[PDB]
$ cat input-v7.pdb   # PDB, C-alpha atoms (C1' of nucleotides)
ATOM      1  CA  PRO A  93      65.117  10.521 -14.093  1.00  0.00           C
ATOM      2  CA  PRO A  94      62.091   8.197 -14.167  1.00  0.00           C
ATOM      3  CA  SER A  95      61.461   7.681 -17.881  1.00  0.00           C
ATOM      4  CA  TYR A  96      58.272   6.589 -19.624  1.00  0.00           C
ATOM      5  CA  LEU A  97      58.678   2.875 -20.352  1.00  0.00           C
ATOM      6  CA  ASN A  98      55.233   1.620 -21.410  1.00  0.00           C
ATOM      7  CA  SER A  99      51.565   2.530 -20.954  1.00  0.00           C
ATOM      8  CA  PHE A 100      48.549   0.280 -21.601  1.00  0.00           C
ATOM      9  CA  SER A 101      44.909   1.410 -21.756  1.00  0.00           C
ATOM     10  CA  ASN A 102      41.738   0.234 -20.003  1.00  0.00           C
ATOM     11  CA  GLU A 103      37.988   0.549 -20.479  1.00  0.00           C
ATOM     12  CA  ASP A 104      37.148   2.795 -17.522  1.00  0.00           C
ATOM     13  CA  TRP A 105      38.911   4.549 -14.631  1.00  0.00           C
ATOM     14  CA  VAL A 106      41.477   2.478 -12.732  1.00  0.00           C
ATOM     15  CA  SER A 107      41.213   2.783  -8.953  1.00  0.00           C
ATOM     16  CA  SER A 108      43.787   0.357  -7.520  1.00  0.00           C
ATOM     17  CA  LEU A 109      47.021  -1.441  -8.355  1.00  0.00           C
ATOM     18  CA  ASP A 110      49.186  -4.281  -7.061  1.00  0.00           C
ATOM     19  CA  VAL A 111      52.145  -6.279  -8.359  1.00  0.00           C
ATOM     20  CA  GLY A 112      52.802  -8.737  -5.540  1.00  0.00           C
ATOM     21  CA  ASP A 113      55.981  -9.734  -3.748  1.00  0.00           C
ATOM     22  CA  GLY A 114      57.737 -11.659  -6.504  1.00  0.00           C
ATOM     23  CA  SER A 115      56.115 -11.551  -9.944  1.00  0.00           C
ATOM     24  CA  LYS A 116      55.700  -9.597 -13.180  1.00  0.00           C
ATOM     25  CA  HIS A 117      51.895  -9.505 -13.457  1.00  0.00           C
ATOM     26  CA  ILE A 118      50.164  -6.203 -12.672  1.00  0.00           C
ATOM     27  CA  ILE A 119      46.769  -6.371 -10.949  1.00  0.00           C
ATOM     28  CA  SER A 120      44.401  -3.474 -11.645  1.00  0.00           C
ATOM     29  CA  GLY A 121      40.857  -2.831 -10.453  1.00  0.00           C
ATOM     30  CA  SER A 122      38.573  -0.551 -12.444  1.00  0.00           C
ATOM     31  CA  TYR A 123      35.328   1.324 -11.833  1.00  0.00           C
ATOM     32  CA  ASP A 124      33.349  -1.181 -13.937  1.00  0.00           C
ATOM     33  CA  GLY A 125      33.839  -3.960 -11.374  1.00  0.00           C
ATOM     34  CA  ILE A 126      36.403  -6.061 -13.274  1.00  0.00           C
ATOM     35  CA  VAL A 127      39.856  -6.958 -11.928  1.00  0.00           C
ATOM     36  CA  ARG A 128      42.449  -7.463 -14.668  1.00  0.00           C
ATOM     37  CA  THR A 129      45.904  -9.039 -14.540  1.00  0.00           C
ATOM     38  CA  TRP A 130      48.589  -7.971 -17.016  1.00  0.00           C
ATOM     39  CA  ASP A 131      51.818  -9.603 -18.204  1.00  0.00           C
ATOM     40  CA  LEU A 132      53.934  -6.457 -18.787  1.00  0.00           C
ATOM     41  CA  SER A 133      52.948  -6.475 -22.482  1.00  0.00           C
ATOM     42  CA  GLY A 134      49.616  -4.642 -22.315  1.00  0.00           C
ATOM     43  CA  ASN A 135      47.697  -7.926 -22.594  1.00  0.00           C
ATOM     44  CA  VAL A 136      45.115  -9.111 -20.072  1.00  0.00           C
ATOM     45  CA  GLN A 137      45.838 -12.592 -18.703  1.00  0.00           C
ATOM     46  CA  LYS A 138      43.076 -13.074 -16.111  1.00  0.00           C
ATOM     47  CA  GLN A 139      39.756 -11.277 -15.648  1.00  0.00           C
ATOM     48  CA  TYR A 140      37.686 -11.292 -12.456  1.00  0.00           C
ATOM     49  CA  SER A 141      34.002 -10.366 -12.669  1.00  0.00           C
ATOM     50  CA  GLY A 142      31.210 -10.559 -10.125  1.00  0.00           C
ATOM     51  CA  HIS A 143      31.420  -7.302  -8.191  1.00  0.00           C
ATOM     52  CA  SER A 144      28.227  -5.256  -8.285  1.00  0.00           C
ATOM     53  CA  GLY A 145      29.929  -1.866  -8.345  1.00  0.00           C
ATOM     54  CA  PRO A 146      33.298  -0.201  -8.892  1.00  0.00           C
ATOM     55  CA  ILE A 147      36.500  -1.727  -7.518  1.00  0.00           C
ATOM     56  CA  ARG A 148      38.339   0.322  -4.893  1.00  0.00           C
ATOM     57  CA  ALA A 149      41.192  -1.965  -3.782  1.00  0.00           C
ATOM     58  CA  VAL A 150      42.995  -5.050  -5.100  1.00  0.00           C
ATOM     59  CA  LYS A 151      45.589  -7.070  -3.190  1.00  0.00           C
ATOM     60  CA  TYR A 152      47.799 -10.049  -4.018  1.00  0.00           C
ATOM     61  CA  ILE A 153      47.587 -13.067  -1.696  1.00  0.00           C
ATOM     62  CA  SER A 154      49.143 -15.972  -3.612  1.00  0.00           C
ATOM     63  CA  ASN A 155      49.911 -17.149  -7.139  1.00  0.00           C
ATOM     64  CA  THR A 156      46.352 -18.525  -7.365  1.00  0.00           C
ATOM     65  CA  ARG A 157      44.602 -16.253  -4.836  1.00  0.00           C
ATOM     66  CA  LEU A 158      43.297 -12.693  -4.976  1.00  0.00           C
ATOM     67  CA  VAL A 159      41.257 -10.446  -2.691  1.00  0.00           C
ATOM     68  CA  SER A 160      39.275  -7.437  -3.898  1.00  0.00           C
ATOM     69  CA  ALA A 161      36.838  -4.854  -2.558  1.00  0.00           C
ATOM     70  CA  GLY A 162      34.624  -2.155  -3.971  1.00  0.00           C
ATOM     71  CA  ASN A 163      31.617   0.105  -3.598  1.00  0.00           C
ATOM     72  CA  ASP A 164      29.544  -2.930  -2.671  1.00  0.00           C
ATOM     73  CA  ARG A 165      30.087  -3.843   0.965  1.00  0.00           C
ATOM     74  CA  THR A 166      31.843  -7.126   0.202  1.00  0.00           C
ATOM     75  CA  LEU A 167      35.384  -8.348  -0.020  1.00  0.00           C
ATOM     76  CA  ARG A 168      35.863 -11.120  -2.568  1.00  0.00           C
ATOM     77  CA  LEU A 169      38.340 -14.000  -2.431  1.00  0.00           C
ATOM     78  CA  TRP A 170      39.067 -15.327  -5.936  1.00  0.00           C
ATOM     79  CA  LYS A 171      41.007 -18.385  -7.103  1.00  0.00           C
ATOM     80  CA  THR A 172      42.589 -19.171 -10.474  1.00  0.00           C
ATOM     81  CA  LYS A 173      44.039 -22.318 -12.025  1.00  0.00           C
ATOM     82  CA  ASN A 174      47.774 -22.963 -12.329  1.00  0.00           C
ATOM     83  CA  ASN A 194      44.172 -17.132 -24.015  1.00  0.00           C
ATOM     84  CA  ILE A 195      42.333 -15.248 -21.254  1.00  0.00           C
ATOM     85  CA  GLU A 196      41.548 -17.031 -17.994  1.00  0.00           C
ATOM     86  CA  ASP A 197      38.328 -16.323 -16.085  1.00  0.00           C
ATOM     87  CA  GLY A 198      38.802 -16.541 -12.333  1.00  0.00           C
ATOM     88  CA  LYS A 199      35.964 -17.492 -10.009  1.00  0.00           C
ATOM     89  CA  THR A 200      35.046 -16.287  -6.532  1.00  0.00           C
ATOM     90  CA  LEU A 201      36.023 -18.580  -3.671  1.00  0.00           C
ATOM     91  CA  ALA A 202      34.150 -16.512  -1.109  1.00  0.00           C
ATOM     92  CA  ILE A 203      32.230 -13.303  -0.422  1.00  0.00           C
ATOM     93  CA  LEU A 204      33.190 -11.544   2.820  1.00  0.00           C
ATOM     94  CA  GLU A 205      30.273  -9.471   4.110  1.00  0.00           C
ATOM     95  CA  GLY A 206      29.512  -7.127   6.985  1.00  0.00           C
ATOM     96  CA  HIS A 207      30.730  -3.565   6.344  1.00  0.00           C
ATOM     97  CA  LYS A 208      27.491  -1.625   5.553  1.00  0.00           C
ATOM     98  CA  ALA A 209      29.555   0.979   3.630  1.00  0.00           C
ATOM     99  CA  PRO A 210      31.941   0.693   0.652  1.00  0.00           C
ATOM    100  CA  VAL A 211      35.308  -0.958   1.358  1.00  0.00           C
ATOM    101  CA  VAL A 212      38.162   1.123  -0.058  1.00  0.00           C
ATOM    102  CA  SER A 213      41.335  -0.442   1.317  1.00  0.00           C
ATOM    103  CA  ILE A 214      42.751  -3.914   1.955  1.00  0.00           C
ATOM    104  CA  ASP A 215      46.084  -5.274   3.200  1.00  0.00           C
ATOM    105  CA  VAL A 216      47.400  -8.827   3.620  1.00  0.00           C
ATOM    106  CA  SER A 217      49.735 -10.127   6.338  1.00  0.00           C
ATOM    107  CA  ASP A 218      52.118 -13.080   6.565  1.00  0.00           C
ATOM    108  CA  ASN A 219      49.896 -15.090   8.942  1.00  0.00           C
ATOM    109  CA  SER A 220      47.043 -15.290   6.380  1.00  0.00           C
ATOM    110  CA  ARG A 221      45.033 -12.334   7.672  1.00  0.00           C
ATOM    111  CA  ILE A 222      43.370  -9.393   5.928  1.00  0.00           C
ATOM    112  CA  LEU A 223      42.685  -5.861   7.168  1.00  0.00           C
ATOM    113  CA  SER A 224      39.972  -3.851   5.405  1.00  0.00           C
ATOM    114  CA  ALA A 225      39.215  -0.128   5.695  1.00  0.00           C
ATOM    115  CA  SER A 226      35.743   1.085   4.683  1.00  0.00           C
ATOM    116  CA  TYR A 227      33.566   4.215   4.886  1.00  0.00           C
ATOM    117  CA  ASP A 228      31.500   2.849   7.805  1.00  0.00           C
ATOM    118  CA  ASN A 229      34.120   4.402  10.135  1.00  0.00           C
ATOM    119  CA  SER A 230      35.145   0.851  11.065  1.00  0.00           C
TER     120      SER A 230
ATOM    121  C1'   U B   1      21.019 -31.010 -20.177  1.00  0.00           C
ATOM    122  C1'   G B   2      24.574 -26.841 -18.368  1.00  0.00           C
ATOM    123  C1'   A B   3      26.186 -23.599 -13.665  1.00  0.00           C
ATOM    124  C1'   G B   4      26.860 -22.502  -8.398  1.00  0.00           C
ATOM    125  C1'   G B   5      26.720 -24.789  -2.980  1.00  0.00           C
ATOM    126  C1'   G B   6      26.855 -29.351   0.644  1.00  0.00           C
ATOM    127  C1'   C B   7      28.588 -34.338   2.256  1.00  0.00           C
ATOM    128  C1'   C B   8      33.047 -37.940  -0.205  1.00  0.00           C
ATOM    129  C1'   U B   9      37.481 -39.360  -1.837  1.00  0.00           C
ATOM    130  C1'   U B  10      42.294 -39.812  -4.587  1.00  0.00           C
ATOM    131  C1'   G B  11      47.872 -38.112  -5.294  1.00  0.00           C
ATOM    132  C1'   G B  12      51.787 -34.331  -4.851  1.00  0.00           C
ATOM    133  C1'   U B  13      53.040 -30.688  -1.535  1.00  0.00           C
ATOM    134  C1'   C B  14      54.332 -27.445   2.961  1.00  0.00           C
ATOM    135  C1'   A B  15      54.501 -28.288  10.556  1.00  0.00           C
ATOM    136  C1'   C B  16      44.763 -31.987  13.190  1.00  0.00           C
ATOM    137  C1'   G B  17      45.711 -27.237   9.320  1.00  0.00           C
ATOM    138  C1'   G B  18      47.054 -24.704   4.404  1.00  0.00           C
ATOM    139  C1'   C B  19      48.483 -24.909  -1.204  1.00  0.00           C
ATOM    140  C1'   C B  20      47.769 -27.489  -6.568  1.00  0.00           C
ATOM    141  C1'   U B  21      44.825 -31.348  -9.010  1.00  0.00           C
ATOM    142  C1'   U B  22      41.565 -35.932  -9.910  1.00  0.00           C
ATOM    143  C1'   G B  23      35.872 -38.670 -10.495  1.00  0.00           C
ATOM    144  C1'   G B  24      29.016 -38.386  -7.719  1.00  0.00           C
ATOM    145  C1'   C B  25      19.619 -26.906  -1.953  1.00  0.00           C
ATOM    146  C1'   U B  26      19.542 -22.205  -5.367  1.00  0.00           C
ATOM    147  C1'   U B  27      19.600 -21.134 -10.529  1.00  0.00           C
ATOM    148  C1'   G B  28      20.149 -20.959 -16.228  1.00  0.00           C
ATOM    149  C1'   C B  29      18.692 -22.915 -21.260  1.00  0.00           C
ATOM    150  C1'   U B  30      15.358 -26.374 -23.979  1.00  0.00           C
ATOM    151  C1'   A B  31      10.760 -30.475 -24.522  1.00  0.00           C
ATOM    152  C1'   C B  32       4.944 -31.908 -23.249  1.00  0.00           C
ATOM    153  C1'   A B  33       0.766 -30.125 -20.225  1.00  0.00           C
ATOM    154  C1'   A B  34      -2.076 -25.119 -17.461  1.00  0.00           C
ATOM    155  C1'   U B  35      -3.837 -20.696 -19.107  1.00  0.00           C
ATOM    156  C1'   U B  36     -11.808 -19.708 -15.316  1.00  0.00           C
ATOM    157  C1'   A B  37      -4.363 -17.156 -11.181  1.00  0.00           C
ATOM    158  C1'   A B  38     -12.268 -15.737 -12.423  1.00  0.00           C
ATOM    159  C1'   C B  39      -7.174 -18.827  -7.242  1.00  0.00           C
ATOM    160  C1'   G B  40      -4.172 -18.340  -2.994  1.00  0.00           C
ATOM    161  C1'   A B  41      -0.717 -16.055   0.455  1.00  0.00           C
ATOM    162  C1'   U B  42       1.300 -11.908   3.010  1.00  0.00           C
ATOM    163  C1'   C B  43       2.064  -6.824   4.771  1.00  0.00           C
ATOM    164  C1'   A B  44      -0.744  -2.729   5.934  1.00  0.00           C
ATOM    165  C1'   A B  45      -5.665   0.163   7.299  1.00  0.00           C
ATOM    166  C1'   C B  46     -10.986  -0.103  10.283  1.00  0.00           C
ATOM    167  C1'   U B  47     -14.701   0.991  14.305  1.00  0.00           C
ATOM    168  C1'   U B  48     -22.087   1.721  16.379  1.00  0.00           C
ATOM    169  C1'   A B  49     -24.529   9.640  13.660  1.00  0.00           C
ATOM    170  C1'   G B  50     -27.658  10.005  16.069  1.00  0.00           C
ATOM    171  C1'   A B  51     -30.166  14.131  19.041  1.00  0.00           C
ATOM    172  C1'   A B  52     -34.835  16.555  21.106  1.00  0.00           C
ATOM    173  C1'   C B  53     -39.935  15.110  23.765  1.00  0.00           C
ATOM    174  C1'   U B  54     -42.704  20.724  20.719  1.00  0.00           C
ATOM    175  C1'   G B  55     -47.231  21.376  19.712  1.00  0.00           C
ATOM    176  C1'   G B  56     -51.389  22.599  16.784  1.00  0.00           C
ATOM    177  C1'   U B  57     -55.382  19.113  14.616  1.00  0.00           C
ATOM    178  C1'   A B  58     -60.234  17.122  13.460  1.00  0.00           C
ATOM    179  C1'   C B  59     -63.711  15.008  17.195  1.00  0.00           C
ATOM    180  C1'   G B  60     -66.778  14.118  21.867  1.00  0.00           C
ATOM    181  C1'   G B  61     -68.817  17.868  26.433  1.00  0.00           C
ATOM    182  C1'   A B  62     -69.633  23.429  29.547  1.00  0.00           C
ATOM    183  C1'   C B  63     -67.737  29.136  29.438  1.00  0.00           C
ATOM    184  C1'   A B  64     -66.958  32.695  26.403  1.00  0.00           C
ATOM    185  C1'   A B  65     -67.565  40.683  26.633  1.00  0.00           C
ATOM    186  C1'   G B  66     -74.190  40.610  26.802  1.00  0.00           C
ATOM    187  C1'   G B  67     -81.965  41.600  28.077  1.00  0.00           C
ATOM    188  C1'   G B  68     -84.310  40.299  23.384  1.00  0.00           C
ATOM    189  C1'   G B  69     -88.379  40.760  19.022  1.00  0.00           C
ATOM    190  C1'   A B  70     -91.541  43.170  15.209  1.00  0.00           C
ATOM    191  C1'   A B  71     -93.376  47.191  12.525  1.00  0.00           C
ATOM    192  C1'   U B  72     -93.759  52.367  11.124  1.00  0.00           C
ATOM    193  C1'   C B  73     -91.676  57.801  10.625  1.00  0.00           C
ATOM    194  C1'   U B  74     -87.130  59.531   9.091  1.00  0.00           C
ATOM    195  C1'   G B  75     -81.274  60.253   6.579  1.00  0.00           C
ATOM    196  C1'   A B  76     -77.749  58.970   2.612  1.00  0.00           C
ATOM    197  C1'   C B  77     -79.808  55.372  -1.307  1.00  0.00           C
ATOM    198  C1'   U B  78     -79.238  48.480  -4.801  1.00  0.00           C
ATOM    199  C1'   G B  79     -80.720  44.640  -7.759  1.00  0.00           C
ATOM    200  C1'   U B  80     -88.186  42.105  -1.889  1.00  0.00           C
ATOM    201  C1'   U B  81     -92.166  42.878   4.056  1.00  0.00           C
ATOM    202  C1'   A B  82     -84.659  44.869  -0.385  1.00  0.00           C
ATOM    203  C1'   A B  83     -80.751  46.091   2.665  1.00  0.00           C
ATOM    204  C1'   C B  84     -78.074  50.149   5.825  1.00  0.00           C
ATOM    205  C1'   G B  85     -78.176  53.837  10.486  1.00  0.00           C
ATOM    206  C1'   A B  86     -75.560  51.489  17.869  1.00  0.00           C
ATOM    207  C1'   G B  87     -81.618  58.261  14.244  1.00  0.00           C
TER     208        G B  87
END
$ encode --input "input-v7.pdb" --output "C-alpha coordinates"
Amino acid sequence: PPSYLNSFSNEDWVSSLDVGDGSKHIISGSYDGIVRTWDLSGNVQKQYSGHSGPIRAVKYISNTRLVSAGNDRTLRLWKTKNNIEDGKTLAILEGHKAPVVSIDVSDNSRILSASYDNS
RNA sequence: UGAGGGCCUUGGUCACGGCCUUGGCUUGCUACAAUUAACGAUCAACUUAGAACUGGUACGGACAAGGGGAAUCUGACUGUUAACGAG
(Lines of atoms letter the chains of each structure in order from A and count residues from 1; the text may use other names and numbers.)
(Lines give C-alpha, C1' and ligand atoms only; values in the text may rest on other atoms or scores of the structure.)
Protein backbone atom coordinates (compact mmCIF):
# COMPACT_ATOMS: atom_id res chain seq x y z
CA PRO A 1 0.00 0.00 0.00
CA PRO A 2 1.10 3.60 -0.63
CA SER A 3 2.34 4.76 2.77
CA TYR A 4 2.71 8.29 4.10
CA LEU A 5 6.40 9.18 3.73
CA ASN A 6 6.65 12.94 4.35
CA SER A 7 4.47 16.05 4.13
CA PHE A 8 5.65 19.68 4.07
CA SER A 9 3.45 22.76 4.51
CA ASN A 10 2.97 25.93 2.46
CA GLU A 11 1.55 29.41 2.96
CA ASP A 12 -1.55 29.17 0.76
CA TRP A 13 -3.31 26.64 -1.48
CA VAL A 14 -1.08 24.68 -3.87
CA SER A 15 -2.45 24.43 -7.41
CA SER A 16 0.23 22.63 -9.44
CA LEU A 17 3.16 20.25 -9.13
CA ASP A 18 6.11 18.99 -11.15
CA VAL A 19 9.26 16.98 -10.45
CA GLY A 20 10.95 16.85 -13.85
CA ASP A 21 12.45 13.99 -15.82
CA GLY A 22 15.51 13.24 -13.71
CA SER A 23 15.78 15.10 -10.40
CA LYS A 24 14.74 15.21 -6.75
CA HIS A 25 13.45 18.79 -6.50
CA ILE A 26 9.67 19.28 -6.32
CA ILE A 27 8.22 22.35 -8.06
CA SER A 28 4.99 23.72 -6.58
CA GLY A 29 2.90 26.72 -7.58
CA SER A 30 0.60 28.36 -5.05
CA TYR A 31 -2.35 30.74 -5.13
CA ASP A 32 -0.20 33.63 -3.85
CA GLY A 33 1.79 33.79 -7.10
CA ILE A 34 5.06 32.25 -5.85
CA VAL A 35 6.68 29.15 -7.36
CA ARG A 36 8.74 27.16 -4.85
CA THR A 37 11.29 24.40 -5.39
CA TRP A 38 11.90 21.79 -2.68
CA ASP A 39 14.78 19.40 -1.98
CA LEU A 40 12.81 16.47 -0.49
CA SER A 41 13.47 17.79 3.03
CA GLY A 42 10.65 20.33 3.36
CA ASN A 43 13.04 23.21 2.66
CA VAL A 44 12.57 25.76 -0.12
CA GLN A 45 15.59 26.04 -2.42
CA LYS A 46 14.40 28.52 -5.07
CA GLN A 47 11.54 31.02 -5.04
CA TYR A 48 10.00 32.63 -8.12
CA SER A 49 7.98 35.83 -7.69
CA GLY A 50 6.53 38.25 -10.22
CA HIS A 51 3.15 36.80 -11.13
CA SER A 52 0.25 39.16 -10.49
CA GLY A 53 -2.22 36.48 -9.44
CA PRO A 54 -2.44 32.83 -8.41
CA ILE A 55 -0.35 30.16 -10.12
CA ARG A 56 -2.28 27.49 -12.03
CA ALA A 57 0.45 25.42 -13.72
CA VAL A 58 4.20 24.85 -13.32
CA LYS A 59 6.39 22.85 -15.70
CA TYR A 60 10.04 21.82 -15.74
CA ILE A 61 12.08 22.73 -18.83
CA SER A 62 15.74 22.41 -17.81
CA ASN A 63 18.00 22.44 -14.76
CA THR A 64 18.10 26.25 -14.98
CA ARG A 65 14.78 26.90 -16.77
CA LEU A 66 11.17 27.00 -15.63
CA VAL A 67 7.84 27.96 -17.20
CA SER A 68 4.78 28.99 -15.20
CA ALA A 69 1.27 30.31 -15.77
CA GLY A 70 -1.54 31.68 -13.66
CA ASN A 71 -4.70 33.75 -13.41
CA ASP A 72 -2.90 36.57 -15.19
CA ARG A 73 -2.86 35.97 -18.93
CA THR A 74 0.90 35.45 -19.12
CA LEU A 75 3.25 32.53 -19.22
CA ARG A 76 6.60 33.24 -17.57
CA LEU A 77 10.00 31.82 -18.50
CA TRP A 78 12.37 31.93 -15.51
CA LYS A 79 16.10 31.21 -15.25
CA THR A 80 18.24 30.33 -12.23
CA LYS A 81 21.98 30.14 -11.63
CA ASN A 82 23.91 26.86 -11.48
CA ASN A 83 20.54 29.63 1.35
CA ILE A 84 17.48 30.47 -0.78
CA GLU A 85 17.96 31.43 -4.42
CA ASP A 86 15.73 34.03 -6.08
CA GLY A 87 15.08 33.25 -9.73
CA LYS A 88 14.36 35.98 -12.26
CA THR A 89 12.04 36.09 -15.26
CA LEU A 90 13.68 35.60 -18.65
CA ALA A 91 10.50 36.42 -20.53
CA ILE A 92 6.77 37.13 -20.29
CA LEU A 93 4.64 35.32 -22.88
CA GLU A 94 1.44 37.26 -23.55
CA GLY A 95 -1.70 36.92 -25.64
CA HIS A 96 -4.33 34.70 -23.99
CA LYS A 97 -6.97 37.21 -22.72
CA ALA A 98 -8.11 34.64 -20.10
CA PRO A 99 -6.25 32.80 -17.31
CA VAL A 100 -3.81 30.09 -18.42
CA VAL A 101 -4.35 26.88 -16.44
CA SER A 102 -2.23 24.25 -18.17
CA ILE A 103 1.21 23.96 -19.76
CA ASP A 104 3.23 21.13 -21.30
CA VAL A 105 6.77 20.99 -22.71
CA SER A 106 8.01 18.91 -25.66
CA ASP A 107 11.42 17.59 -26.70
CA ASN A 108 11.85 20.08 -29.58
CA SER A 109 11.75 23.10 -27.21
CA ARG A 110 8.06 23.90 -27.62
CA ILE A 111 5.31 24.71 -25.13
CA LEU A 112 1.56 24.10 -25.31
CA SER A 113 -0.70 26.19 -23.07
CA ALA A 114 -4.40 25.68 -22.29
CA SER A 115 -6.40 28.67 -21.01
CA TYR A 116 -10.01 29.69 -20.34
CA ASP A 117 -10.25 31.76 -23.55
CA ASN A 118 -11.39 28.55 -25.30
CA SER A 119 -8.09 28.63 -27.20
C1' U B 1 24.23 55.46 -6.56
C1' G B 2 21.19 50.59 -7.06
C1' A B 3 17.55 47.53 -10.62
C1' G B 4 15.39 45.98 -15.34
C1' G B 5 15.96 46.27 -21.19
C1' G B 6 19.16 47.22 -25.97
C1' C B 7 23.82 47.01 -28.92
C1' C B 8 29.23 44.23 -27.55
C1' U B 9 32.44 40.69 -26.34
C1' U B 10 35.21 36.59 -23.79
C1' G B 11 35.75 30.87 -22.56
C1' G B 12 33.54 25.93 -21.86
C1' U B 13 29.79 23.23 -23.98
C1' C B 14 26.10 20.50 -27.34
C1' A B 15 24.89 19.80 -34.86
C1' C B 16 24.24 29.87 -38.55
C1' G B 17 21.30 27.87 -33.47
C1' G B 18 20.78 26.31 -28.02
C1' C B 19 22.94 25.63 -22.69
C1' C B 20 26.46 27.70 -18.30
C1' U B 21 29.60 31.97 -17.10
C1' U B 22 32.88 36.60 -17.58
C1' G B 23 33.58 42.90 -17.87
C1' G B 24 30.27 48.97 -20.52
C1' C B 25 15.20 53.52 -22.86
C1' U B 26 11.84 52.45 -18.24
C1' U B 27 12.27 52.61 -12.99
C1' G B 28 13.81 52.64 -7.47
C1' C B 29 16.43 55.18 -3.23
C1' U B 30 19.15 59.71 -1.65
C1' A B 31 21.45 65.41 -2.36
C1' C B 32 20.44 71.21 -4.05
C1' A B 33 16.61 74.25 -6.49
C1' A B 34 10.40 75.02 -7.73
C1' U B 35 6.25 75.44 -4.90
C1' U B 36 1.66 82.22 -8.34
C1' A B 37 0.76 73.96 -11.49
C1' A B 38 -2.85 81.07 -9.98
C1' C B 39 0.27 76.72 -15.77
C1' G B 40 -0.28 73.28 -19.67
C1' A B 41 -2.10 68.93 -22.28
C1' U B 42 -5.84 65.43 -23.52
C1' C B 43 -10.64 62.89 -23.74
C1' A B 44 -15.60 64.10 -23.71
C1' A B 45 -20.23 67.66 -24.24
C1' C B 46 -22.59 72.44 -27.23
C1' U B 47 -25.90 75.15 -30.81
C1' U B 48 -29.60 81.65 -32.67
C1' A B 49 -36.85 81.70 -27.82
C1' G B 50 -38.88 84.27 -30.06
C1' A B 51 -44.24 84.99 -31.75
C1' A B 52 -48.56 88.39 -33.09
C1' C B 53 -49.68 93.37 -36.11
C1' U B 54 -54.87 94.51 -31.61
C1' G B 55 -56.72 98.66 -30.51
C1' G B 56 -58.45 102.50 -27.40
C1' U B 57 -56.07 107.61 -26.36
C1' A B 58 -55.60 112.93 -25.88
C1' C B 59 -55.86 116.49 -30.10
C1' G B 60 -57.34 119.16 -34.87
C1' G B 61 -62.63 119.39 -38.19
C1' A B 62 -68.75 118.04 -39.58
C1' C B 63 -73.24 114.44 -37.82
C1' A B 64 -75.38 112.89 -33.89
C1' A B 65 -82.86 110.88 -31.82
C1' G B 66 -85.07 117.12 -32.08
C1' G B 67 -88.93 123.99 -33.10
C1' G B 68 -87.30 127.11 -29.01
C1' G B 69 -87.93 131.26 -24.74
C1' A B 70 -90.15 133.87 -20.43
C1' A B 71 -93.69 134.59 -16.73
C1' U B 72 -98.12 133.45 -13.91
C1' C B 73 -102.19 129.80 -11.85
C1' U B 74 -101.81 125.13 -9.83
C1' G B 75 -99.81 119.65 -7.15
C1' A B 76 -96.41 117.17 -3.68
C1' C B 77 -92.81 120.68 -0.98
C1' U B 78 -85.47 122.72 0.40
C1' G B 79 -81.71 125.66 2.11
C1' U B 80 -83.51 132.88 -4.32
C1' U B 81 -87.13 135.74 -9.84
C1' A B 82 -85.21 128.51 -4.93
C1' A B 83 -85.81 124.12 -7.46
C1' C B 84 -89.41 119.96 -9.29
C1' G B 85 -94.02 118.38 -12.70
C1' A B 86 -92.98 115.88 -20.42
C1' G B 87 -100.17 119.80 -15.07
$ closest_atom_pairs --input "input-v7.pdb" --of "chain B" --to "chain A" --cutoff "12 Å" --atoms "only C-alpha atoms (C1' of nucleotides)" --output "tab-separated table"
residue	atom	partner	partner_atom	distance
B:4	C1'	A:200	CA	10.4
B:5	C1'	A:201	CA	11.2
B:18	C1'	A:220	CA	9.6
B:19	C1'	A:156	CA	9.1
B:20	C1'	A:174	CA	7.3
B:21	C1'	A:174	CA	9.5
$ resolve_selection --input "input-v7.pdb" --expression "the PyMOL selection byres ((chain B and resi 2) around 12)" --output "list in words"
residues 1, 3, 4, 27, 28, 29 and 30 of chain B
$ resolve_selection --input "input-v7.pdb" --expression "the PyMOL selection byres ((chain A and resi 112) around 10)" --output "count of residues only"
15
$ resolve_selection --input "input-v7.pdb" --expression "the PyMOL selection byres ((chain A and resi 135-148) around 7)" --output "VMD selection string"
chain A and resid 107 to 108 121 to 131 133 to 134 149 161 to 164 195 to 199 212 to 213
$ atom_distance --input "input-v7.pdb" --atom1 "atom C1' of residue B:68" --atom2 "atom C1' of residue B:81"
21.0 Å
$ atom_distance --input "input-v7.pdb" --atom1 "atom CA of residue A:219" --atom2 "atom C1' of residue B:14"
14.4 Å
$ atom_distance --input "input-v7.pdb" --atom1 "atom CA of residue A:204" --atom2 "atom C1' of residue B:16"
25.7 Å
$ residues_around --input "input-v7.pdb" --residues "residue A:206" --least-positions-apart "2" --cutoff "9 Å" --atoms "all atoms listed in the file" --output "list in words"
residues 165, 166, 204, 208 and 209 of chain A
